[PDB]
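Participant: First the structure, which I've put down as structure tokens, then a few questions once you've had a look.
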DNA sequence: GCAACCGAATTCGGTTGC
DNA sequence: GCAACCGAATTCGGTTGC
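Chains as they are written, first to last, in the deposited numbering: chain B, 281 to 304, 304A, 305 to 366; chain A, 281 to 304, 304A, 305 to 366.
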């Protein structure tokens, strides 16, 4: 299974931004990588929300993160995988 | 599988942007979704290229896209999957 | 914690000039 | 067909101020 465990977060772009910041400088040790704030940029789309991806050294560690971390009410989340080599 | 075939493109953020525009374009019928231009914000961060993700209604169609499309020399690419319900 | 807010920096769609 | 360029707009790291 060449997955990478990740979590996608969606909500108003600014609050997403500061959430990242906070994650960085309080919970650095709890995950691997973290995206800038993106959205879907085609016509198109599936939804209007900004997005920030976070990645993890393992499901077990992705677990430890969701226990410990306080997710702002204003932003919703989902778990998934992306191919590990896209990192 | 509940994977989504995708392609990730990396290079200088502007040229990436205009590539999107053109794709939109031009080759609208040749893929599903397309990201704004993101990067990793750490580091942690594996490289400092901007990134744009593209998604596809199927591998077969992801194929048809890579045949037809002219990828600027200045930007490199990779194939993968999310997963899927993250769209 | 949280997000509104700060100015400085970056990216936006779109266009035009190679 | 590329990306430098445009002026307008959005995201940036941080830092209050509740």
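Even for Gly, the Cβ is constructed at its ideal location relative to N, Cα and C.
#1: Smallest Cα separation from residue 317/B: which of 329/A, 322/A and 352/A?
#2: For residue 287/A versus residue 364/A, is the C-beta spacing smaller than 7 Å?
#3: In chain B, which residues lie less than 8 Å from residue 343/A when you measure between Cβ atoms?
#4: Would you mind telling me which residues of chain A sit closer than 9 Å to residue 359/B, beta carbon to beta carbon, in chain order?
#5: So, is residue 350/B buried or exposed, given that buried needs 16 or more other C-beta atoms within 10 angstroms?
#6: How far does the beta strand (DSSP E) with residue 282/A in it reach, from first residue to last?
#7: What are the residues in the segment 286-297 of chain B lying within 9 Å of chain A by C-beta distance?
#8: Quick one: residues in its chain with C-beta nearer than 6 Å to the C-beta of residue 334/B, no 5 flanking neighbours on either side, listed in chain order?
#9: Going by beta-carbon coordinates alone, are residue 325/A and residue 366/B separated by less than 7 Å?
#10: How far does the alpha helix (DSSP H) with residue 344/A in it reach, from first residue to last?
#11: Take residue 293/B as the anchor and find which of 336/B, 345/B, 332/B and 340/B has the nearest alpha-carbon.
#12: Determine the extent of the alpha helix (DSSP H) in which residue 297/A is found, giving its start and end residues.
Facilitator: Let's see:
#1: Residue 317/B sits at position 38 when you count from the first residue of the first chain. Considering only alpha carbons, the answer is 329/A.
#2: On the second chain, residue 287/A is found 7 positions in, with the first residue counted as 1. On the second chain, residue 364/A is found 85 positions in, with the first residue counted as 1. No, Cβ-Cβ distance for residue 287/A and residue 364/A is not below 7 Å.
#3: Counting from 1 along the second chain, the entry for residue 343/A is found at position 64. Within 8 Å Cβ-Cβ: nothing; residue 343/A doesn't reach chain B, min ~18 Å.
#4: Taking the first residue of the first chain as 1, we reach residue 359/B at position 80. 361, 362, 363, 364 and 365, listed in chain order.
#5: Your numbering for residue 350/B matches position 71 in the first chain. Exposed, because fewer than 16 other Cβ atoms sit within 10 Å of the Cβ of residue 350/B.
#6: Looking up residue 282/A in the second chain gives position 2. Segment: none, residue 282/A is in no beta strand (DSSP E) and carries neither H nor E.
#7: 286 and 288
#8: By 1-based counting over the first chain, the position of residue 334/B is 55. Closer than 6 Å at the Cβ level, and outside the excluded window around residue 334/B, lie 284, 286, 311 and 312.
#9: For this step, residue 325/A is matched to residue 46 along the second chain. For this step, residue 366/B is matched to residue 87 along the first chain. For residue 325/A and residue 366/B, yes; Cβs fall inside 7 Å.
#10: One-based indexing of the second chain puts residue 344/A at position 65. 338-347 is the span of the alpha helix (DSSP H), which, as asked, contains residue 344/A.
#11: As a working mapping, residue 293/B is identified with position 13 in the first chain. Of the candidates 336/B, 345/B, 332/B and 340/B, the one whose C-alpha sits nearest the C-alpha of residue 293/B is 332/B.
#12: As a first step, residue 297/A is located in the second chain; it is residue number 17 there, counting from the start. Start and end: 293-304.
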